[PDB]
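Colleague: Protein chains in written order, with our numbering: chain H, 374 to 785; chain Z, 3 to 415; chain U, 374 to 785; chain Y, 354 to 758. Note that beta-carbon positions come from the ideal geometry of N, C-alpha and C, so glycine has one too. Dropping a structure here in structure tokens format, bear with me for questions.
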Amino acid sequence: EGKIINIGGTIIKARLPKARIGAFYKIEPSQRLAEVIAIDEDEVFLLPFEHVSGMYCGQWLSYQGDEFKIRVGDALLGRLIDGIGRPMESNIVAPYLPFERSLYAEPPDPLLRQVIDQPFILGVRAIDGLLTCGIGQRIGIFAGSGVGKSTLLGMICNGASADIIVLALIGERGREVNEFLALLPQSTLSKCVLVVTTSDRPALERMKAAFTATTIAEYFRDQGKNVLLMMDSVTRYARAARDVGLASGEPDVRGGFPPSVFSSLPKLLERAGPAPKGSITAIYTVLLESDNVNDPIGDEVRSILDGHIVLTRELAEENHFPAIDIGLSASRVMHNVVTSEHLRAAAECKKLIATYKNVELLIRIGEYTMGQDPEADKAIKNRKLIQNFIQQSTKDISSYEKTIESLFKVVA
Amino acid sequence: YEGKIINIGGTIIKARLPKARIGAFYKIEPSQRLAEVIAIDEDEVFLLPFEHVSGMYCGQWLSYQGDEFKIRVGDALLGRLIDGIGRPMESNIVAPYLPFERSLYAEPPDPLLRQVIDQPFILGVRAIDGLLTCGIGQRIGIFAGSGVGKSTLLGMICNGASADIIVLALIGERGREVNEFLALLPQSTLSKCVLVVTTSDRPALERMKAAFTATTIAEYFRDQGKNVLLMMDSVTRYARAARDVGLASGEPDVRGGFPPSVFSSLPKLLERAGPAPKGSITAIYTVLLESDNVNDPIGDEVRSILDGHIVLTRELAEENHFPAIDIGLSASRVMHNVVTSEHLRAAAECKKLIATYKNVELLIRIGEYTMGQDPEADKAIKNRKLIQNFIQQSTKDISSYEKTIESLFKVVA
Amino acid sequence: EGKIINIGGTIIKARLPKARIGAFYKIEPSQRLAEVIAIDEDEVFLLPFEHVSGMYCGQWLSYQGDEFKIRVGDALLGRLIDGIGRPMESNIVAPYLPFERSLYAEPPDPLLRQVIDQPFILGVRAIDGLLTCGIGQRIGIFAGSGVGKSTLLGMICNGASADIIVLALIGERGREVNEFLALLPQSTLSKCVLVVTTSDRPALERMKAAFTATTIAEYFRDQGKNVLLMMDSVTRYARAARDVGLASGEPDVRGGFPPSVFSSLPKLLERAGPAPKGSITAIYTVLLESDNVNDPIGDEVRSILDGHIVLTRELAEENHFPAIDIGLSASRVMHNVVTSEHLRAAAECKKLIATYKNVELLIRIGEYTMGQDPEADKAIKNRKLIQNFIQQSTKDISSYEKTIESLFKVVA
Amino acid sequence: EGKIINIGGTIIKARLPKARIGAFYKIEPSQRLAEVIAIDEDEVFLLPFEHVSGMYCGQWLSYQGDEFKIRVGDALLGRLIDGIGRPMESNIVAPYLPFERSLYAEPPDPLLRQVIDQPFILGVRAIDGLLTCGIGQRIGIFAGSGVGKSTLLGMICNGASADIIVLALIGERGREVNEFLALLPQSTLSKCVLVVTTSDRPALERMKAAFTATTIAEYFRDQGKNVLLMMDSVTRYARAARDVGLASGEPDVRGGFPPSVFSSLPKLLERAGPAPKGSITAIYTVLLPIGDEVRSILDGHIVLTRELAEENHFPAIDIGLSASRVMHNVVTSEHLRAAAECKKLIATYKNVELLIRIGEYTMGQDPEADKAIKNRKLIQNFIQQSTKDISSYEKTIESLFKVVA
Ligand SMILES: Nc1ncnc2c1ncn2[C@@H]1O[C@H](COP(=O)(O)OP(=O)(O)O)[C@@H](O)[C@H]1O
Ligand SMILES: Nc1ncnc2c1ncn2[C@@H]1O[C@H](COP(=O)(O)OP(=O)(O)O)[C@@H](O)[C@H]1O
Ligand SMILES: Nc1ncnc2c1ncn2[C@@H]1O[C@H](COP(=O)(O)OP(=O)(O)O)[C@@H](O)[C@H]1O
Ligand SMILES: [Mg+2]
Ligand SMILES: [Mg+2]
Ligand SMILES: [Mg+2]
């Protein structure tokens, strides 16, 4: 037991002699749980699973657990789970999950990871013709606010070729859990797990949803089947962890973020990828703070992740959707996957896009003798062909062969 | 009786009173004024008074009133003005019989019961119905600088739109304006409208809780099963009041001022107004920006919370392009569901025509544009004065939803 | 009765047990004053009315009242007032004032404001034809340093006919008291109260002088008079409040300023407007920290007041006086005041000003051929008529009728 | 023995006297270990390597010594190793490691720099014909992303004139270590000792991997051997030491980096040069606020541009703006002038390509460009070879001699 002596907005400070970090306590009069996040030799910083309704001084605590585990198993497809691990829907009968796992595992050994050599057919024509994703790659989608990170996941998840899909909705609107279900048919809903926590929810449900989704992805990986994982705004995880750690006596470092965010983010983000048996392939939506690249939580996620898709709102103004900026974006694993003519044609049309992005100024001003600079002469004649290759509709999914045949047409 | 105020100054008082709940409020015993407990330490607690802090002294006794501040709603407050605390503003009246006492803080609907919105909510403005398009159940925001177009466009929307109940929250704004909003809305609209008025002179608490009062009244008239239009002018006044309360209570400073309480308590308010099992709330929140940059702390946060954003630019108000909404920089996140394919395709073509002229505009002014060497630049010029009569609109004009479609089809050709 | 325990440079603090906040005290041996602003269980922060040089630890504080109230009356007309209510001019007898008023009163109730619909002529043609002032409108004049703020208030001191002129000169040059007494005739000076504190005076006396001007204007409003209040550089009040609020231990929320200067600027600017009995029409001069309009106090006072008249340095260097930028200027009540043909004539004139600033570099370099655009030729032919309608010398005043007839002549 | 007072996220505070700065402490039951950054009078601010969850008030600290030193031997060759010297896998038992030495040593002063000779044949025809390095020349490769740096480093681990080949992989990705170890043969992998540490690994050992690699390579320097020392992405060492310095508490100076990384990085890489008892040739990579700081601190920098790898020209090297400061000390004047006329033979081809485009291309005089356009094929077969075309030093110079002809 122990006494509660301090009630802030986010965190609780209590008196517990020799309490363990992670060891969760429930509150005796009112059934609500809390998890210890710091020690101050008698003053323990606990973090409650819920809201702070009435929290008087000297309210008691009681010991419940050594660390917080979730309950997983095969009887989990087609369900909706919150960040804690509880079933969110109440229309369905209560499941049977045989196994329990801790949320903090350790990544696979880097000597035993495989080599990515088979493409991940994705659906979008730019992210298959120009930036091919491999099965086992961890790509990321960097954009501002309302630039189209959520649509692009709809375009991917609609036409995705995975054996099993784990979709995490961290810290985001509850208006849209039904809109991700509205574009998932039952053929790709009978094998999908949605782990959803809303921005209404408290700080550590919103902080631990990423770990719950990664633990579930690791379970269906350790059965032996490759699995897609999609986190929507891992920046909502990073800002939940910032709010948790910063209100516990831990200083600012670079953007308001404590050291523990930069210490706990490359352990979440690294336990995907290849494995001795199976492979998680993951897609991390990252919400940039402003429209800059001097962002302390978008720059390191660009640094420790192979493949960054930079969406630009300076292309979303011209109604160019999806707003993929091919100049600022790259995929590290397309020189290990696709054929040599595919690499050559993709680099050819990236040259054509980059040449048209500075030749048209001397088109509008009348200084253009067609014939002297050959590359620009092929970058304007193939303008509308490239533009109808790059931007596509939300409901237009296309197989990998059609993307590469239109690629060979638009280069030739 | 119970505790003693030991610290007076700024926005919050601090008192020594033990076994205090959080959120419970307390009457200052010789003074009839009362205060909410916002943060608890071992024996000293942070309180937030409802009124001015002047006149207080150390050891002033602090009696107990209740465990939670609740407001009092009923059906008998249509056509009537409400304060931020919950009291009625006007004193000419006989006070209503408001029977149902609702708590101020409540929970959003279940995310699995909020259905997909697919019915257009007709406002009346041609740009925001033709190019962008609202839906019955979304929550849209109007982002602008200081004195650009927010309250003029919200008056146009309140003039043109129709709903069963209209809750209009004039929080944090000048007192001159409560008569202009009562002037430009008709008698039939005043038969179904509740104003929640908090002027900018009022304390941090009234200016902080008037938004939750308006959202609670909209939830009450939603639970009866009516399509209620919520309109909240300057939700950033809530954000500034939560800032100085949370900083006075001793919190850090992330994203330019603004404690973690602000960014963690905006979604606990803005997620409460949408589709629902019974009824729906169509919320319209105006946002004031600390410069003309849209990428504010609060501007970017509220843009990443809401369902659609209408960004108004000062550089279009310098040219009398009213309403000053910037079509390339604004967007509506539900118009692909609420309208057919011809309108969506024609709106896409018109938005691209506007962006094409914005690229062509500067090198016409300094005089270096050449006609003929680009087919779609000239198409963005040959139509331009035709599209502007669709994109800019007088204040005393409402436009039907079928005239908007036929004007857009004539513009786009 | 209590003793001072430190002196900080701006504020002092003392050991007063159980003191009221807002109450003021005499520093007992040496005859000065201070007032309580914050309490720390026996240690009160005090803001002295004078300079702090000479004090020492253990210096007593006798009690004098619970609130610093000024002595107001009807015999203030025609005489000059120190920043805290005292008379200045020692050449004549002390006036007799009957009543006491505190400096902190409430605004009129918002249901009793009676939306403003009568014009208030100023004498300047740009703030008659193209902007228009209502009786009860509070207006701001936003500019940089030495751009023409005081010159324009001197223009509209002898042009605006109001019943009582209460002019405040807070935080400005001591040299100017005579110059604003050399622009007012005796038919104006017999009804003009002139409250003035200069840049020398202590931080309390520059903080608490705008409240003195508003309290005198409210005493003359409650008799039924149409008061014209006008303040010089209200940002001098904002900077005095910044200095005291940072000395008293408040954070730095935006651009240098505490939150208490942002929360106490509306409850000074909201008292001057339309009322049930009488009215105060006010004109606040605002100095900006650069020539940017997006200063923090510039932005906040723009979001409080009912109209902003932006003077730019560029037009002053162009010798375009008065330097009003018509694009950045707005009057929030012009449409409730002027007639509709006046309104559309004003909108057409502002359209012509913007169209000339579009086509000016096109005609100067030599690409504009006479006849292409059917509005730019209107603007070019009416340029000089617009320009000598906009410009005005200091000693020229225009009426309302001649201004609108010249507006109709110039715009068509 | 030393109890732990409290835990602050990443900074532990213990109550123990007679501590040292840099004294690696040790959890006694859990066999986790922690390192000291600052002391109070009686308390000590220290920070751990491993995880934090599980630590309560009163855990004991084995003091375990005074500074952490790695067990170095001749039996490290062909064996994986972590960033603090411990072995990677338990698949092979650890061999005999009879000698120990600290990570920190005193360098000679920069005023006593030496002349350099004994040309360092390194494998790729471009620099080993044109930018020819020596035994003491430490080289900094500047290469962005999508440019093929790993294949270049792997093909210059092959055919390098090094008896011992120490390579440090620092902070990188768990797939890239296998993708790099695949393209090294057993003829090389029986000769390397190679430090790997991934981004999951803590920042403290992700900066001690640099000192571990330099310490092992300087022990193998002392046995009368020449040794090559690679370090991929010095910028990852910079961000690791930045996290260690800012978690310890330091005001940033330029960008977000503390001054302690600018204290350590010269002290990291102006040591390990041409020692007379056997020497150590360094190859450091830096991706494209510290880039000028690196190319002004070591001699002879290679740049790689992915614009040059837009074509199928691997290695993605540009000769026109990559330099090697010490060739005149190393190679003769004849080969130096031949390589110089080749550099200015290539460097006028893009100075003549832009006038191929507009219709004014004339003859009559193109004295650096007319011989280039006719003899371009031997150029682009000379500075363009495969992934496993290791060229001898005697045939690179002859091939360059009929390239200049
Ligand atoms: N591929 C697309 N096609 C059409 N519209 C798009 C596309 N991508 C984004 N948009 C527009 O941008 C708006 C917001 O994008 P969203 O995905 O909601 O942003 P975020 O994921 O960053 O919250 C949507 O209303 C949508 O109409
Ligand atoms: N659609 C419009 N038609 C006419 N005038 C407008 C329009 N929009 C803005 N304005 C002018 O700009 C001024 C400021 O707009 P306002 O709505 O008061 O800004 P705020 O957003 O701060 O409330 C108004 O007085 C108005 O006359
Ligand atoms: N209408 C005008 N005619 C002539 N000079 C002017 C006019 N308006 C401004 N100026 C110039 O600007 C100077 C300083 O302006 P002032 O009003 O004193 O600046 P501030 O805004 O700093 O008080 C005037 O003395 C004059 O030189
Ligand atoms: Mg989203
Ligand atoms: Mg407004
Ligand atoms: Mg002045």
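Specify the secondary structure class of H:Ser652 as computed by DSSP and reduced to three states.
Modeller: H:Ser652 falls in the strand class under three-state DSSP.
Colleague: Could you list the residues in the segment 404-432 of chain H with a C-beta less than 7 Å from some C-beta on chain Y, going in chain order?
Modeller: Answer in chain order: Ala411, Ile412, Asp413, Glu414.
Colleague: Kindly list the residues whose CB is nearer than 7 Å to the CB of Y:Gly493, restricted to its own chain and excluding five residues on each side of it in sequence; keep chain order.
Modeller: For Y:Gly493, where only same-chain residues beyond five positions count, the Cβ hits under 7 Å are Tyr637, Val639, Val647, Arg648, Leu651, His654.
Colleague: In three-state DSSP terms, what is Z:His345?
Modeller: Z:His345: helix per DSSP, three-state reduction.
Colleague: Please decide whether Z:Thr200 counts as near chain H, where near means a Cβ-Cβ distance under 8 Å.
Modeller: It does not: the Cβ of Z:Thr200 has no partner Cβ on chain H nearer than 8 Å.
Colleague: Is the closest heavy atom of ligand 6 to the C-beta of H:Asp668 under 7 Å?
Modeller: False, no ligand heavy atom lies under 7 Å from that Cβ.
Colleague: Taking 5 Å as the limit, name every residue whose beta carbon sits nearer than that to some heavy atom of ligand 6, in sequence order.
Modeller: In chain order, the hits are U:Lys522, U:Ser523.
Colleague: In the DSSP output, which residue or residues are listed as bridge partners for Z:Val150?
Modeller: Partner(s): none; Z:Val150 has no beta bridge.
Colleague: Assign H:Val466 to buried or exposed, taking buried as 16 or more other Cβ atoms, counted over all protein chains shown, within 10 Å of its Cβ.
Modeller: Exposed, because fewer than 16 other Cβ atoms sit within 10 Å of the Cβ of H:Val466.
Colleague: Please check if any C-beta of chain Z sits within less than 8 Å of the C-beta of H:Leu434.
Modeller: It does not; no Cβ of chain Z falls within 8 Å.
Colleague: Using 8 Å as the limit for Cβ to Cβ distance, is Z:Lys387 near chain H?
Modeller: Judged by the 8 Å Cβ criterion, Z:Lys387 is not in contact with chain H.
Colleague: Please report the distance separating the alpha-carbon of Y:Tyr409 from that of Z:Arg274.
Modeller: Roughly 41 Å separates the two Cα atoms.
Colleague: Tell me which residues share the same chain as Y:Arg659 and place their Cβ nearer than 8 Å to its Cβ, disregarding the 5 neighbours each side in the sequence.
Modeller: Closer than 8 Å at the Cβ level, and outside the excluded window around Y:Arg659, lie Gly497, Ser498, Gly499, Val500, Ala669.
Colleague: Per the contact definition of three or more C-beta pairs closer than 8 Å, is the segment 370-388 of chain Z in contact with the segment 734-745 of chain H?
Modeller: A contact exists between the segment 734-745 of chain H and the segment 370-388 of chain Z.
Colleague: Indicate whether Y:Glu388 and Y:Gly407 have their beta-carbon atoms separated by less than 8 Å.
Modeller: Cβ distance not < 8 Å, so Y:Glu388 and Y:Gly407 don't count as in contact.
Colleague: Can you grab the Cα-Cα spacing for the pair U:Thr383 / H:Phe422, in whole Å?
Modeller: For U:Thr383 and H:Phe422, the distance between alpha carbons rounds to 47 Å.
Colleague: At 3 residues or longer, and completely inside the segment 507-557 of chain Y: list those beta strand (DSSP E) runs for me, N to C.
Modeller: Taking only runs of at least 3 residues, the beta strand (DSSP E) segments lying wholly in the segment 507-557 of chain Y are 517-525, 545-551.
Colleague: For chain U, is any of its Cβ atoms less than 8 Å away from the one on Z:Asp294?
Modeller: Interface residue, yes.
Colleague: Between H:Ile400 and chain Z, is there a C-beta pair that is closer than 8 Å?
Modeller: No, H:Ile400 does not count as interfacial toward chain Z.
Colleague: Can you find a heavy atom of ligand 5 that lies under 7 Å from the Cβ of U:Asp672?
Modeller: No, the beta carbon of U:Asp672 sits no closer than 7 Å to any heavy atom of ligand 5.
Colleague: Measuring straight from C-alpha to C-alpha, what distance separates Y:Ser686 and Y:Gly512?
Modeller: For Y:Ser686 and Y:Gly512, the distance between alpha carbons rounds to 25 Å.
Colleague: Would you kindly work out how many angstroms separate the C-alpha atoms of Z:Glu321 and Z:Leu314, rounded to a whole number?
Modeller: Rounded to the nearest angstrom, the two C-alpha atoms are 13 Å apart.
Colleague: So which of H:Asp482, H:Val566, H:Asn755 has the shortest CA-CA distance to Y:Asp435?
Modeller: It is H:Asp482 whose Cα lies nearest to the Cα of Y:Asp435.
Colleague: Along the alpha helix (DSSP H) that carries H:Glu687, what are the first and last residues, could you check?
Modeller: Note, H:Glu687: alpha helix (DSSP H), 686-689.
Colleague: May I ask you to verify whether the segment 471-479 of chain H touches the segment 613-623 of chain H, counting CB pairs closer than 8 Å and requiring at least 3?
Modeller: Touching, no.
Colleague: Under 8 Å Cβ-Cβ, which residues of chain Z neighbour U:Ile394?
Modeller: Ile10, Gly11, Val55, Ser56, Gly57, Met58, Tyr59, listed in chain order.
Colleague: Taking 8 Å as the CB-CB limit, is H:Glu591 close to chain Y?
Modeller: Not closer than 8 Å to any Cβ of chain Y, the Cβ of H:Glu591 fails to qualify, so no.
Colleague: If we ignore side chains and look at the alpha-carbon of each, how far apart do Y:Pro382 and H:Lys376 end up?
Modeller: Going from the Cα of Y:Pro382 to the Cα of H:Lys376 covers about 29 Å.
Colleague: Considering only the beta carbon of each residue, do H:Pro647 and H:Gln487 sit closer than 8 Å?
Modeller: Cβ distance < 8 Å, so H:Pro647 and H:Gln487 count as in contact.
Colleague: At a cut-off of 7 Å, would you count Z:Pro98 as near ligand 1, judging by its Cβ distance to the nearest heavy atom?
Modeller: No, Cβ of Z:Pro98 sits at least 7 Å from all heavy atoms of ligand 1.
Colleague: Could you tell me which chain Y residues have their CB closer than 7 Å to the CB of H:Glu374, listed as they occur along the chain?
Modeller: Residues of chain Y passing the Cβ test: none, with the nearest at roughly 16 Å.
Colleague: Considering Cα atoms alone, identify which of Y:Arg592, Y:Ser632, Y:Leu581, Y:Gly631 is closest to Y:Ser617.
Modeller: That would be Y:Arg592, whose Cα lies nearest to the Cα of Y:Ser617.
Colleague: Does the beta-carbon of H:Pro695, which I'm using as the reference point, lie nearer than 7 Å to any heavy atom of ligand 7?
Modeller: In the structure shown, ligand 7 is absent; the only ligands present are ligand 1, ligand 2, ligand 3, ligand 4, ligand 5 and ligand 6.
Colleague: So that I know if they touch, is there some Cβ in chain Z lying closer than 8 Å to that of H:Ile738?
Modeller: Closer than 8 Å: yes.
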